[PDB]
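Engineer:
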Amino acid sequence: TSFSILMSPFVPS
Amino acid sequence: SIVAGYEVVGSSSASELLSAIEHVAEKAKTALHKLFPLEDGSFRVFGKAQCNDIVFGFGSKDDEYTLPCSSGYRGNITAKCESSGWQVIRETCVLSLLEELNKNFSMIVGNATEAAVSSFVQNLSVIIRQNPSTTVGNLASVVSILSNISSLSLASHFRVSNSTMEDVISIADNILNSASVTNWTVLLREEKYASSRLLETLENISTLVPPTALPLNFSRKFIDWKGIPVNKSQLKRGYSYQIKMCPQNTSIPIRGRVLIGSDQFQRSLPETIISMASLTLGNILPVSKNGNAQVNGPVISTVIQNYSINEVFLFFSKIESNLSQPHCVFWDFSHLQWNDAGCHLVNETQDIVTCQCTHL
Amino acid sequence: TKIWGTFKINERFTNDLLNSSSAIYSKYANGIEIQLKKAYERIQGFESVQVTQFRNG
Ligand SMILES: *[C@@H]1O[C@H](CO)[C@@H](O[C@@H]2O[C@H](CO)[C@@H](O[C@H]3O[C@H](CO[C@H]4O[C@H](CO)[C@@H](O)[C@H](O[C@H]5O[C@H](CO)[C@@H](O)[C@H](O)[C@@H]5O)[C@@H]4O)[C@@H](O)[C@H](O[C@H]4O[C@H](CO)[C@@H](O)[C@H](O)[C@@H]4O)[C@@H]3O)[C@H](O)[C@H]2NC(C)=O)[C@H](O)[C@H]1NC(C)=O
Ligand SMILES: *[C@@H]1O[C@H](CO)[C@@H](O)[C@H](O)[C@H]1NC(C)=O
Ligand SMILES: *[C@@H]1O[C@H](CO)[C@@H](O)[C@H](O)[C@H]1NC(C)=O
Ligand SMILES: *[C@@H]1O[C@H](CO)[C@@H](O)[C@H](O)[C@H]1NC(C)=O
Ligand SMILES: *[C@@H]1O[C@H](CO)[C@@H](O)[C@H](O)[C@H]1NC(C)=O
Ligand SMILES: *[C@@H]1O[C@H](CO)[C@@H](O)[C@H](O)[C@H]1NC(C)=O
Ligand SMILES: *[C@@H]1O[C@H](CO)[C@@H](O)[C@H](O)[C@H]1NC(C)=O
Ligand SMILES: *[C@@H]1O[C@H](CO)[C@@H](O)[C@H](O)[C@H]1NC(C)=O
C-alpha cells in the first residue's frame, strides 16, 4: 500500500 | 445587504472616545438614515478589531465575510473571524481553464478513447504548469479530474502511456508543492478524503502503465516515481527501491528504501513493480488529532498487480528531531486513517527507522 | 486611537463596492463619511472618520 512512520514527543513522568 | 465598515480616529483614550461615540450614536444613525435605508439594530460601534486584514477587512468575533474570486478564477472565498484571524472555511476559487477543461471531459466520458485521455491529461498538465498557484479550489478540482480519469481508464482498461504517466507525475509534483500544505489543510476541512483520493488515484493510474512502457523513472522535487518490468532477474536479487529527497529545511537528505527479498518472488512473477514516494504527502494525509503523533518520514508506496507479498522491509529517515516512539503505519484508504495492522518496528537508528510489514 | 463601527444598509450589494476607485464606492463612502463627520465633529479629541470596507452581510 502506502507506508510511513508516526512519532510522538517525549512526555515526562 | 450592504455592511458598511468604517473607523473613527481620535486623540482621546479608547474608553473615552468610545463612550463619546455611543452617546451620539443615535444622532449619527439618524443622519445616515436620511441618506440610506438602514436595518434596525445594525448600528454597532466597538473599539477592538479582533481580525483585521487587507484581504478581508476588520470584523468582530464570529463575523463571517464571503467575497468573490479574482481574475481567471471562478467561485467564492469565505472566512470567519476567530481568535486567530480570518480562518478561510470555504474557498471554491477554480481556474477558468481548469474548470473549462473539466467541462469538456463530461462530453468525453461517454465515448472515450485511450488517445483522448492522454491528450486530456496533457492539456491538464500544461494548464497547471503555466498557472502553478495551487489554490484550494484548484486542489479539489485536480484531485477530482484525475480521479474521473483514473476511474474512467480503469473501467475501460485503457493503457497509460509513458508520456501520459510523466504528465500525471508533473501534475502531482505541482499540487504536492510544500507551499500547498496550508491550502491542503483547508481542503481537508471540507473534503476530508481529497488527499487520500489523490494518493489512491496516483496508485490506480500507476497500475495501468504496461510492462512495454517500462522501465520508467520520474524523479521530481516533491514526488519520485519508478517503475520497472519483471524478468527472471527478480527471482535472484529481489526488489530494491531507494530515494534521496533534499528539502530546504534540512541539510541532511531524507532517505527511504523498500527491500523485498528474492524469496517473496517465488510464485509466478507478476508484470510490473511500481514504486513512488513523496514528503508532502506526510503533511496532507490527516493524522488523528487526539494523538500527539505525526508523520515523521517520507510516504512510500509500492504497487504490484495481482500479487500478494508477505514480507517487505521499509527504511524511513526521520525528518524532525526530539520525537520518540516510532510507529510503523500504512495509509488505510477504507477507513481513511493511518493503520499499523501488519507493520511492526524492527530497529531505530539515530538517523533512520526500520519497519517490516506483512502486506504490500 | 482608532474605533470601529459597522451598519447594514438595506440595498443590493454590488462588486463595485469592493473597488475603492469605483464611483459606486465613492458615492457611498462620501455619503457616509459626511454624515458621520457632522455627528462626530463636536466630540472632544475627534480627528477623522473614514469608510474602509463594504460587505454583502
Ligand atoms: C492558497 O489560497 C489562496 C487564496 O485562498 C491563494 O491566494 C490566491 O492566489 C491567486 C493566484 O493567482 C490569486 O489570483 C489572482 O491574483 C492576482 C489578483 O489578486 C490581487 O487582488 C486580490 C483582490 O481581489 C487580492 O486578494 C490579491 O492578494 C491580496 O491578498 C494577499 C494575501 O493573500 C495580500 O498580501 C495582498 O497584498 C493582497 O491584498 C492580489 O492583490 C492576479 O494577478 C491573478 O491573475 C490570474 O489571472 C491572470 C490572467 O487574468 C493569469 O495570467 C494569472 O496566471 C492568474 O491566474 C489572479 O487574478 C488570488 O486572488 C489569491 N487569493 C486571494 C484571496 O487573494 C494562494 O495563492 C494559495 N496558496 C498557494 C497557491 O500556495
Ligand atoms: C461569488 O462570486 C461571484 C462571481 O464568481 C460573484 O458574482 C458573487 O457576488 C460572489 N459572492 C459573494 C458572496 O461575494
Ligand atoms: C475545451 O476546454 C477549453 C479550456 O480548457 C475551452 O476552449 C473549452 O472549454 C473547450 N474547447 C472546445 C471544446 O472547443
Ligand atoms: C486540448 O483539447 C483536446 C483535449 O482536451 C486536444 O485534442 C487538443 O489538441 C488540445 N489543444 C490545446 C490547444 O491544448
Ligand atoms: C469525479 O469523481 C468524483 C468521485 O469519484 C466526483 O466527486 C466528481 O463529481 C466526479 N465528476 C467530476 C466532473 O468531477
Ligand atoms: C517510455 O520511455 C522510457 C524511456 O525513458 C522507456 O524505457 C519505455 O519503454 C517507454 N515506453 C513506451 C514504450 O512508450
Ligand atoms: C521540513 O520540510 C519537510 C518537507 O519535506 C516538511 O514535511 C516538514 O514538515 C518540515 N518541518 C519543519 C519543522 O519545518
Ligand atoms: C476599479 O475600477 C477602475 C475603473 O476605472 C479600474 O481602473 C480599477 O483597476 C479597478 N480596481 C481594481 C483594484 O481593479
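Residue numbers (PDB author numbering), protein chains in the order written: chain C, 567 to 579; chain A, 207 to 566; chain B, 150 to 206. A virtual CB, placed ideally from N, CA and C, is assigned to each residue, including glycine.
List the residues of chain A whose Cβ lies closer than 8 Å to the Cβ of B/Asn164, in chain order.
Structural biologist: Those are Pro274, listed as they occur along chain A.
Engineer: Does the distance from the CB of A/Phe364 to the CB of A/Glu320 come in under 7 Å?
Structural biologist: In this structure, A/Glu320 lies closer than 7 Å to A/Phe364 by Cβ.
Engineer: Would you mind telling me which residues of chain B sit closer than 7 Å to A/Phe424, beta carbon to beta carbon, in chain order?
Structural biologist: Near A/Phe424 there are no residues of chain B at all, since even the closest Cβ is about 43 Å away, more than 7 Å.
Engineer: By Cβ distance, which residues of its chain are closer than 8 Å to A/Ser207, with the 5 residues on each side in sequence left out?
Structural biologist: Cβ neighbours of A/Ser207 beyond the five flanking positions: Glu245.
Engineer: Please name the residue, chosen from A/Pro532, A/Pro476, A/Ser362, A/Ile411, that lies closest to A/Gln556 on a Cα-to-Cα basis.
Structural biologist: Nearest C-alpha to A/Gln556: A/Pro532.
Engineer: Which residues in chain C sit within 9 Å of A/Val493, going by Cβ to Cβ distance?
Structural biologist: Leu572, listed in chain order.
Engineer: Does at least one heavy atom of ligand 6 sit under 6 Å from the Cβ of A/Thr418?
Structural biologist: Answer for A/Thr418: yes, Cβ within range of ligand 6.
Engineer: In chain order, what residues of the same chain have a beta carbon less than 7 Å from the beta carbon of A/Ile429, not counting five sequence neighbours either side?
Structural biologist: Excluding sequence neighbours, A/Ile429 sits near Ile375, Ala378, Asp379, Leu382, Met482, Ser484.
Engineer: Taking all protein chains shown into account, decide if A/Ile334 is buried (16 or more other Cβ within 10 angstroms of its Cβ) or exposed.
Structural biologist: Classification for A/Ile334: buried.
Engineer: Would you grab the beta carbon distance between A/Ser324 and A/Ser357 for me? Rounded to a whole angstrom, and I think it's under 8 Å.
Structural biologist: Wrong, their Cβ atoms sit about 16 Å apart, outside the cutoff.
Engineer: Distance cutoff 7 Å, beta carbons only. Does residue 568 of chain A sit that close to anything in chain C?
Structural biologist: No statement about residue 568 of chain A is possible, as the shown extent of chain A runs from 207 to 566 and does not include it.
Engineer: Go through the stretch 245-319 of chain A residue by residue and report every complete run of the beta strand (DSSP E) that reaches 3 residues or more, in order.
Structural biologist: Listed in chain order, the complete beta strand (DSSP E) runs (minimum 3 residues) inside the stretch 245-319 of chain A are 250-252, 270-274, 282-288, 291-297.
Engineer: For B/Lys157, collect the residues of the same chain with a Cβ closer than 8 Å to its Cβ; drop the 5 residues on either side in sequence, then sort them by chain order.
Structural biologist: Once the five neighbours on either side are set aside, the close Cβ partners of B/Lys157 are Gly206.
Engineer: Judging by CA-CA distance, which residue of A/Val251, A/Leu304, A/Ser217 is the nearest neighbour of B/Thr155?
Structural biologist: The shortest C-alpha separation from B/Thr155 is found at A/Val251.
Engineer: Please confirm whether C/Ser579 has its beta-carbon closer than 7 Å to some beta-carbon of chain A.
Structural biologist: Closer than 7 Å: no.
Engineer: Looking at the C-beta of A/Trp390, does it have a partner C-beta in chain C at a distance below 7 Å?
Structural biologist: So, not an interface residue.
Engineer: Scan the stretch 356-438 of chain A and note each continuous beta strand (DSSP E) run of 3 residues or more that stays entirely inside, going in chain order.
Structural biologist: Counting only runs of 3 or more, we get 422-425, 429-435.
Engineer: For chain B, find out if any of its Cβ atoms is closer than 7 Å to the Cβ of A/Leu307; answer yes or no.
Structural biologist: Output row for A/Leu307: interface = no.
Engineer: Would you please verify whether the beta carbon of A/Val415 is less than 7 Å from any beta carbon of chain C?
Structural biologist: Judged by the 7 Å Cβ criterion, A/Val415 is not in contact with chain C.
Engineer: In angstroms, rounded to a whole number, what distance separates the CA positions of A/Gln293 and A/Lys427?
Structural biologist: About 30 Å.
Engineer: Is the distance from the Cβ of A/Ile510 to the Cβ of A/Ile479 below 7 Å?
Structural biologist: Result yes, Cβ atoms of A/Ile510 and A/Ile479 sit closer than 7 Å.
Engineer: With 9 Å as the C-beta to C-beta threshold (strictly closer), list the residues of the stretch 159-183 of chain B near chain A in chain order.
Structural biologist: Taking 9 Å as the Cβ-Cβ cut-off against chain A, the residues of the stretch 159-183 of chain B that qualify are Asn159, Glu160, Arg161, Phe162, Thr163, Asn164, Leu166, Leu167, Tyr177, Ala178, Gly180, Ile181, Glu182, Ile183.
Engineer: Examine ligand 6 and report whether any of its heavy atoms sits within less than 6 Å of the Cβ of A/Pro421.
Structural biologist: For ligand 6, at least one heavy atom lies less than 6 Å from the Cβ of A/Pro421.
Engineer: So which of A/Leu529, A/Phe519, A/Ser540 has the shortest CA-CA distance to A/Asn553?
Structural biologist: Here the closest residue by C-alpha is A/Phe519.
Engineer: Below 8 Å CB to CB, which residues in the same chain sit around A/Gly278 once its five sequence neighbours on both sides are set aside?
Structural biologist: Taken in chain order, the residues that qualify are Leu301, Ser302, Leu303, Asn337.
Engineer: Can you determine whether any heavy atom of ligand 7 sits closer than 6 Å to the C-beta of C/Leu572, and answer yes or no?
Structural biologist: Not so, every heavy atom of ligand 7 lies at least 6 Å from the Cβ.
Engineer: In angstroms, rounded to a whole number, what distance separates the CA positions of A/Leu394 and C/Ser570?
Structural biologist: Each residue's Cα considered, the two are about 20 Å apart.
Engineer: Just verifying my parser: in three-state terms, what is the DSSP assignment at B/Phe203?
Structural biologist: Strand, per DSSP.
Engineer: Is it right to say A/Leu241 is buried, meaning 16 or more other beta carbons lie within 10 angstroms of its own, or is it exposed?
Structural biologist: A/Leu241 should be labelled exposed.
Engineer: Looking at A/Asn282 and ligand 3, is the gap between the Cβ and the nearest heavy atom below 6 Å?
Structural biologist: It does not: the Cβ of A/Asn282 is nowhere closer than 6 Å to a heavy atom of ligand 3.
Engineer: Comparing the C-beta of B/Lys186 with each C-beta of chain A, is any distance below 7 Å?
Structural biologist: By this cut-off, B/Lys186 is not an interface position.
Engineer: Determine which residues share a DSSP beta bridge with A/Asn553 and list them.
Structural biologist: The partner list for A/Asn553 (beta bridge, DSSP) reads A/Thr560.
Engineer: Within 7 Å (strictly less), CB to CB, does A/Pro453 reach chain C?
Structural biologist: It does not: the Cβ of A/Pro453 has no partner Cβ on chain C nearer than 7 Å.
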